[PDB]
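Next up: just one chain, as structure tokens, the form deposited in one PDB entry.
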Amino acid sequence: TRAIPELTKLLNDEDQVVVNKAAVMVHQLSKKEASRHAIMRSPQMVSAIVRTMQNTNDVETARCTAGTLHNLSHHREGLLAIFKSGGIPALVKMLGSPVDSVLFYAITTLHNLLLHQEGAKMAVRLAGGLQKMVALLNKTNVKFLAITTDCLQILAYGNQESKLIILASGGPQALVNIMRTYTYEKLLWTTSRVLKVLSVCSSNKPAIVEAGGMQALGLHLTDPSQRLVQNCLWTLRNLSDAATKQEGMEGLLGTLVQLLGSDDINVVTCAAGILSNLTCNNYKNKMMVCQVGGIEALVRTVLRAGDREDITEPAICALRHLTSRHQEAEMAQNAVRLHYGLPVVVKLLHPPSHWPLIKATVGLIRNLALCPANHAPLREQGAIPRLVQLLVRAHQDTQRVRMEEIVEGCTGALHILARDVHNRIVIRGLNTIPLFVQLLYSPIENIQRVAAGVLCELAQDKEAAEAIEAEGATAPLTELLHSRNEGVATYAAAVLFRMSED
């Protein structure tokens, strides 16, 4: 307490020579916690240590002053002393220091602040800490990297403000690199946490993808660390959502198709969800995923899934995606069948199944139906029946995942299946012409199209054709000829025509 006012003067002395002196003593005196508390409880002393550290030009003076603050850091009260002495901006400024001794005390002190000092993370942002820190992500000391990224995570968590700043500083690229370079699991984990926190940000998300992070993330999906894999999966989850077709996605897709067989049912679900996202409208990802044996893996995930819609929805969507509009699609449809998916798929159409899933399944059935080799098998499973059953009920909840979609779904599915002469025997057996004819009136062009299509396939027989004619099909169809939508107008015609020659 006595040499305190005195030392304080020495640290605020004019020449570095004399300061150096005060610094070394203070630092030293900074170890026996008895003297520690005295130093921490003096606003003058603390404030000088601060000042000197940022202004001194003598490394020994810098490290000692920095180390002293570091030692004060271990005490909740010290943290307070530092906070009220401009300490934070000071420590931030030191994040630019070329010497590691200094760079270390600095970051590590700002960490203990961010972990226990209220008002700290504000102070750190306002001082430009986020940037200096993101720049530091270029250093190679793993434990340094680990402390640093955690600072980022402590600052970014629930603060869009901080996230944006991180992005402007090149955060995405920096973190991705770390995930691609280091093995040290603590670092990998922390970094992946910062990326999860950023992947929810409408702004950051795209950059993370650009930076080839989805690919990077995939290098850890099978890591012994469970805490690591989870953060990667949830991050890939938010990212896979919407994305600009990247490249090299071969490796990741492959690794995802692989996790589909995990022993952990919680891993299989995310791999499933991430594959649905990665394929939703992508003839490129669809191509690769199919060839990595994905169709087989998805179907297999399904059978195993049972009535766990948690797993079945993403899995079915994935298949619906994988069986349409692409080179490999005409083969994926046969695939689903050769691996006994047909049975389990039609099964998912009946309860307990809930809407968002059924919709996807009707979707899958319409595609699998494109392929003739499924027409028979699907009938044999009783798809036509449950399809009309659903249709009729959706339609009645639009007169009495919205119901109008189920209507367009079962009709569009029946329209395809309606391609097999036998499936017409059945469709026409369930006495469904009056409903299809009525659907012509549906305010929705797409419903008309597929309704006109179902009728066109059926009108393929002078028999049904007149059954369609007798149910008042003509007025709605003629008034359906001028529909601005060509597909609708065309079907309308094929029918008007088919029920003629009298």
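When you see a residue number, it is the position in the sequence shown, counting from 1.
Visitor: If you count the residues of the deposited sequence that sit between residue 400 and residue 401 but have no coordinates, do you get none, 1 to 3, 4 to 9, or 10 or more?
Guide: Count of unmodelled residues in between: 10 or more.
Visitor: With respect to the recorded C-alpha B factors, which stretch has the higher mean value, 467-475 or 450-458?
Guide: Higher mean C-alpha B-factor: 467-475.
Visitor: Of 290-298 and 365-373, which one has the bigger average CA B-factor?
Guide: Averaged over C-alpha atoms, the B-factors run higher in 290-298.
Visitor: Tell me, please, which of 71, 148, 226, 169 has the highest C-alpha B factor according to the deposited entry?
Guide: Among 71, 148, 226, 169, the PDB entry lists the largest C-alpha B-factor for 226.
Visitor: Name the one of 386, 237, 359, 143 with the greatest CA B-factor according to the PDB entry.
Guide: The C-alpha B-factor peaks, among 386, 237, 359, 143, at 237.
Visitor: Using the B-factors in the PDB entry, rank residue 405's C-alpha atom against the chain and give the third, lowest, middle or highest.
Guide: According to the entry, residue 405 has a C-alpha B-factor in the chain's highest third.
Visitor: Ranking the modelled residues of this chain by C-alpha B-factor as given in the entry, is residue 200 in the lowest, middle or highest third?
Guide: Lowest third.
Visitor: Based on the deposited C-alpha B factors for this chain, I'd like to know if residue 213 is in the lowest, middle or highest third.
Guide: According to the entry, residue 213 has a C-alpha B-factor in the chain's middle third.
Visitor: Which third, lowest, middle or highest, does the CA B-factor of residue 25 fall in along this chain?
Guide: Lowest third.
Visitor: Going by what the PDB entry lists, where does residue 429 fall on CA B-factor within its chain: lowest, middle or highest third?
Guide: CA B-factor rank for residue 429: middle third.
Separately, the form deposited in another entry exists; it is not shown, and the next lines address it.
Visitor: At which of 339, 464, 243, 430 does the chain hinge as its rigid parts turn between the shown form and the other one?
Guide: Every other option is far from a hinge; the hinge one is 243.
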